[PDB]
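Here is how the chains run, residue by residue.
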Amino acid sequence: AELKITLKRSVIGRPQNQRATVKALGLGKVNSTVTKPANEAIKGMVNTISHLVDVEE
Amino acid sequence: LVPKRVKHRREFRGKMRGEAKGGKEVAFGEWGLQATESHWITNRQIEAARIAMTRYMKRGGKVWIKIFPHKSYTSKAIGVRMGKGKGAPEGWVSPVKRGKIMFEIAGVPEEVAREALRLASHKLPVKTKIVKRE
Amino acid sequence: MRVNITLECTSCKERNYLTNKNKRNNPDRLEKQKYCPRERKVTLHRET
Amino acid sequence: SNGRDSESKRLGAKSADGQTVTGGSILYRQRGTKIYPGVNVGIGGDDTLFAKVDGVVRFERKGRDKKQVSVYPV
RNA sequence: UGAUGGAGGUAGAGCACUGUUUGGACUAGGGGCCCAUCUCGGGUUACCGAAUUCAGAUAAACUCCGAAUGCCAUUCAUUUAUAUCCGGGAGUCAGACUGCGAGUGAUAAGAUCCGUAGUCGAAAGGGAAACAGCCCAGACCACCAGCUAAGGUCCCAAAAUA
RNA sequence: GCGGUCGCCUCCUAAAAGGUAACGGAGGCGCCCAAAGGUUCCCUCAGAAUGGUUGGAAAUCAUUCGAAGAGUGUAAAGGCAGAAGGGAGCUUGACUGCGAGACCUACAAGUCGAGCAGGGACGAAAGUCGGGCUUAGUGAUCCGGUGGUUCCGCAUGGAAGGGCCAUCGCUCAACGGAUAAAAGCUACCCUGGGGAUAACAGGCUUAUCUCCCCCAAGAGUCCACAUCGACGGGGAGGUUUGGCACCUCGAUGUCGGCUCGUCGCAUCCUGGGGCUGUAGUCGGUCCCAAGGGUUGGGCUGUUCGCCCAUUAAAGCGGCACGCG
RNA sequence: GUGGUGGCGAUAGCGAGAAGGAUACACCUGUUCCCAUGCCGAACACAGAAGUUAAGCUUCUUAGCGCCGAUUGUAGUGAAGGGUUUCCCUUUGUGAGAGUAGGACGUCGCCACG
Ligand SMILES: [K+]
Ligand SMILES: [K+]
Ligand SMILES: [K+]
Ligand SMILES: [K+]
Ligand SMILES: [K+]
Ligand SMILES: [Mg+2]
Ligand SMILES: [Mg+2]
Ligand SMILES: [Mg+2]
Ligand SMILES: [Mg+2]
Ligand SMILES: [Mg+2]
Ligand SMILES: [Mg+2]
Ligand SMILES: [Mg+2]
Ligand SMILES: [Mg+2]
Ligand SMILES: [Mg+2]
Ligand SMILES: [Mg+2]
Ligand SMILES: [Mg+2]
Ligand SMILES: [Mg+2]
Ligand SMILES: [Mg+2]
Ligand SMILES: [Mg+2]
Ligand SMILES: [Mg+2]
Ligand SMILES: [Mg+2]
Ligand SMILES: [Mg+2]
Ligand SMILES: [Mg+2]
Ligand SMILES: [Mg+2]
Ligand SMILES: [Mg+2]
Ligand SMILES: [Mg+2]
Ligand SMILES: [Mg+2]
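Residues numbered from 1 in each chain as written, not as in the entry; some residues may be left out. Chains lettered and ligands numbered in written order. Part of a larger assembly, values for the part shown. Heavy atoms only, no water.

Residues and elements named next belong to chain C. Those places that UniProt annotates as "binding site: Zn(2+) 1" (unreviewed entry) correspond, in this numbering, to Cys 9, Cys 12, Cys 36 and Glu 39. Across 31 residues, the annotated set stays spatially compact, with a maximum C-alpha separation of 9.7 Å. Beyond its immediate stretch of four places on either side in the chain, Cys 9 contacts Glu 14, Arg 15, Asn 16, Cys 36, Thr 43, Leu 44 and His 45. Within the secondary structure, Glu 39 sits in the loop between β3 (31-36) and β4 (41-46). A relative accessible area of 37% places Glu 39 in the partly exposed class. (UniProt positions renumbered as here; feature names shortened; annotations may be inferred. Contact = heavy atoms within 4.5 Å. Helix = DSSP H or I, 4+ residues; strand = E, 2+ residues; numbered from the N terminus. Buried < 20%, exposed > 50% of the residue type's maximum accessible area, 1.4 Å probe, protein only.)

Right, let's talk about the sheet that holds strand β6 (residues 101-106) of chain B for a bit. Hydrogen bonding along the main chain pairs the strands of a sheet, whether they run parallel or antiparallel. Residue and element names in this part refer to chain B. Pairing in this open sheet of four strands is antiparallel, and the strands run β3-β6-β1-β7 from one edge to the other. Both outer strands of the open sheet, β3 (62-65) and β7 (128-132), are each paired with one neighbouring strand and no more. Going across the sheet, the axis of each strand differs from the next one's by a mean of 20°, ignoring polarity. Two elements, strand β1 (residues 31-35) and β7, share five bridges in a ladder whose sense is antiparallel. (Pairing = 2+ DSSP bridges. Axes fitted to C-alpha atoms, helices over the stretch in contact; angles between N-to-C directions.)

So, about unusual backbone geometry. Among all residues except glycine, the phi angle is most often negative; among peptide bonds, the trans geometry is most common. Phi at B:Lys58 is positive, roughly 60°, even though this residue is not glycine. Topologically, B:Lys58 is positioned in the loop between α1 (43-57) and β3. Looking at B:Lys58, the relative accessible area reads 70%, which means it is exposed. Residue D:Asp47 is not a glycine yet carries a positive backbone phi of 60°. Note on placement: D:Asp47 falls in the loop between β4 (41-43) and β5 (49-51). On the basis of relative accessible area, D:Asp47 is assigned to the partly exposed category, the value being 26%.

Right, let's talk about the sheet that holds strand β2 (residues 20-21) of chain D for a bit. Across the sheet, three strands lie side by side as β2-β6-β7 (chain D); this open sheet has antiparallel pairing. The open sheet is flanked by β2 and β7 (67-72) of chain D, the only strands paired with a single partner.

Taking C-alpha atoms as the reference, chain A and chain C come no closer than 58 Å and do not contact one another. With no contact formed, the shortest span from any C-alpha in chain B to any C-alpha in chain C equals 38 Å.

Here the UniProt-annotated "binding site: Zn(2+) 2" (unreviewed entry) positions come out as C:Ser11, C:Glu39 and C:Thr43. Taking the farthest pair of C-alpha atoms as the criterion, the annotated set spanning 33 residues converges on one region, since that pair is 9.2 Å apart.

A few words on the protein's contact with RNA strand F. Taken together, 67 residues lie around RNA strand F, and C:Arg2, C:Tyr17, D:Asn2, D:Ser6 and D:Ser8 are the ones closest in. Those atoms of RNA strand F that come within 4 Å of the protein belong to sugar or phosphate at a rate of 73%. Take B:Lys84: an N or O atom from its main chain is 3.1 Å from a sugar or linking oxygen of RNA strand F. Within the backbone of C:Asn20, an N or O atom sits 3.1 Å from a base nitrogen of RNA strand F. Breaking the surface near RNA strand F down by element, the ones donating at least two residues are α1 and α2 (110-123) of chain B together with β2 (18-21) and β3 of chain C. (Near = heavy atom within 4 Å. Polar contact = N/O pair within 3.5 Å; in protein donor to acceptor, adjacent residues only side chain to side chain.)

Take a look at the structure:
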């Protein structure tokens with residue numbers, strides 16, 4: 001099923017790939033909720049920035 | 001100790017992270033001197049330790065030096081500004097990683113071996129210890 | 001000794017080709033069968 | 001002295017596997033045939049590989065331990 | 001970002017080539033000593049020892065091998081929205097530090113030179129006592145409202161003498 | 001500043017695409033070949049062992065072993081034994097006009113190129129051939145020279161003189177080349193700028209310097225450790241010689257001495273103590289101790305240093321080598 | 001069954017050993033001619049069919065050599081951190097080389113003849 005995503009750690013000092021994962025998911029300011037499907041692409045992005053993010057089923 | 005011929009006079013200092021490929025267990029002798037830290041070791045150190053071990057052994061037994069100074073190392077004369085090339089080779093050196101055995105000994109009782117290796121350890125810069133073969 | 005050389009069509013007296021040669025190894029005046037685009041045939045081109 | 005070197009020449013692959021490409025293109029510059037030519041591919045004076053017709057680039061092992069380039073059109 | 005397929009010989013590892021190298025068996029060959037001397041054939045210091053072989057090592061300019069990453073591409077997928085071309089206008093060509101990868105260096109320098117990422121520069125704010133460059137974090141404004149980050153909770157000085 | 005370098009090629013550095021710097025490490029080029037090219041056909045090397053005459057360690061012959069350990073014109077890298085290596089025939093494609101499209105690229109340039117047309121080489125034919133095994137063997141424009149041209153020709157015809165095409169002349173090597181043509185002194189110097197750039201002092205570092213310590217072979221009649229202490233190793237300090245050029249060039253005053261001192265202790269004397277190869281006096285060494293004291297002259301601008309003569313003693317350093 | 005001819009990373013190979021020639025392939029007998037050997041009819045080429053398959057060539061055995069090759073585990077390493085920061089450690093993920101277990105003395109086809 002879909003997953004909720006929230007930034008919990010800033011994009012400052014973090015590389016462009018992580019910053020672009022955030023822009024692509026569609027998140028801006030921290031503590032920003034977004035909802036996505038459980039695709040392998042988005043799970044890979046979440047594994048790319050797991051330290052930056054909290055998630056929910 | 002010196003290498004009699006070399007393909008390139010000057011070399012890189014290199015790096016020393018990680019344990020040693022080989023020389024990691026005692027092979028020819030009964031006891032040996034294991035390095036617990038990685039460091040450069042020179043001609044003078046090797047020869048001093050060898051002479052120490054031999055004298056305390058009273059030319060008994062046999063000693064084996066596993067390392068060899070393949071690498072060189074340069075320096076600039078005091079008063080020389082940086083640049084204008086690379087310095088002249090001062091001496092010769094062996095990069096000895098941790099886990100390496102440097103000296104092996106056999107043909108000599110155990111206490112004599114331990115004490116000779118103790119002496120050589122005090123002569124070397126590395127923090128060392130004793131190893132025995134099965 | 002080794003010299004850069006203009007060949008020449010013996011008929012048209014047109015140079016048409018640039019090449020190289022020794023004088024030691026190739027002292028005699030070099031010759032070839034080369035194309036003269038002014039005649040649109042093949043012709044004896046002789047060094048000059 | 002030692003302080004000199006030449007212009008680095010931009011060897012290696014230039015077209016990728018699974019990539020459609022024009023004819024006359026260039027696929028792999030090289031000095032010496034570190035990869036051989038194959039189907040619909042030529043080779044220049046400087047051992048450079050070029051596709052003679054359109055198609056997708058495909059690199060293949062030429063048996064055990066030599067490589068090949070091929071261009072299968074559509 | 002995922003999946004797929006490729007190029008590539010790096011860290012690592014290894015000795016299969018190129019070099020360096022330890023010990024041992026054997027030894028061409030090279031030393032003397034003596035007998036024999038036309039100086040001709042030996043016999044030994046467990047004399048020095050090519051070469052072969054056993055075992056052990058070693059490498060930026062060695063590789064039988066060989067990653068993680070990164071790179072190129074897919075009328076492939078997902079999510080976002082910036083890429084291209086034309087033309088106007090610029091400024092910038094003194095860069096600094098921190099972390100990782102290398103060189104020079106004395107594997108010293110807040111040293112020098114590159115790569116890579118970040119920050120400063122051009123960025124306030126909170127912590128590091130103070131402290132461009134470190135850690136957290138991006139000031140549109142107001143609020144005598146709240147939840148947290150790093151960092152902290154005996155007093156200075158808010159929070160546990162938990 | 002000298003040295004070295006400036007253009008081009010190869011490797012490493014270069015961090016498994018490409019690219020990537022240094023006064024970083026190593027080497028080369030400024031050509032050669034008329035066959036060292038093309039094609040057709042054929043062949044496969046190096047070394048070792050064995051044997052054999054001069055003939056040896058080793059020429060040449062023969063067999064076997066032999067996967068490349070050879071050779072590839074020339075550097076290194078890559079690659080090549082289906083050959084690019086080697087040999088023999090026939091030739092000259094080391095052709096002309098071109099060239100889709102790609103690579104690299106700031107620009108100028110550079111690289112590869114199927115394919116078309118003409119006219120050919122080789123080969124029975126397929127088919128290969130627009131130089132070599134791949135990458136260096138090179139340089140603008142201007143200016144002149146040579147040959148050709150169906151181009152132009154100051155009113156006309158010509159001519160002079162220009163253009164187009166082919167090509168020659170540049171270690172213009174400081175190799176994107178200032179001019180066709182060019183060395184020096186300045187302490188008589190002046191301007192404009194700079195801590196972007198030298199330096200004292202300062203700072204970072206501490207190779208070096210000083211001091212301290214570890215191992216302990218040995219010397220010490222014997223006895224390693226009273227006292228010394230080889231070869232070797234490890235640290236502290238920030239007084240030495242250095243390195244870096246961060247501050248200071250819209251001022252930075254340069255050494256020594258004088259006057260005044262102040263601080264540290266790695267203590268020169270005095271004070272305390274242990275060990276002694278300390279009989280006693282003198283001492284040697286080490287630990288504690290910085291309270292006070294720690295000279296006057298000759299020589300030199302001198303610090304230092306030597307000397308004279310005393311002293312209980314004639315300390316070592318820092319404070320912008322203290323203080324203009 | 002033999003011969004020819006192709007593809008698959010030699011898992012195909014190299015060595016050793018056994019047998020066979022029915023056709024076949026081969027050796028083999030020669031130089032008459034096309035043609036050839038920096039010398040040679042050895043090789044090339046041509047013609048033939050007395051003899052033997054001894055060899056080569058086929059089929060079988062062999063794990064000696066070489067080739068392939070796991071699993072586990074490790075090193076290394078991307079990302080995120082920590083430390084006492086020329087280095088070391090932790091979480092997660094990937095993951096060699098070596099050393100092996102083991103495989104492997106071939107697989108797939110086409111054609112001619114028997
Ligand atoms: K030590
Ligand atoms: K920024
Ligand atoms: K500055
Ligand atoms: K100044
Ligand atoms: K003053
Ligand atoms: Mg060429
Ligand atoms: Mg390595
Ligand atoms: Mg870090
Ligand atoms: Mg700096
Ligand atoms: Mg950096
Ligand atoms: Mg600015
Ligand atoms: Mg700030
Ligand atoms: Mg400011
Ligand atoms: Mg709260
Ligand atoms: Mg409080
Ligand atoms: Mg690269
Ligand atoms: Mg006229
Ligand atoms: Mg007129
Ligand atoms: Mg220039
Ligand atoms: Mg002035
Ligand atoms: Mg400055
Ligand atoms: Mg002022
Ligand atoms: Mg004291
Ligand atoms: Mg006086
Ligand atoms: Mg007087
Ligand atoms: Mg002063
Ligand atoms: Mg494996």
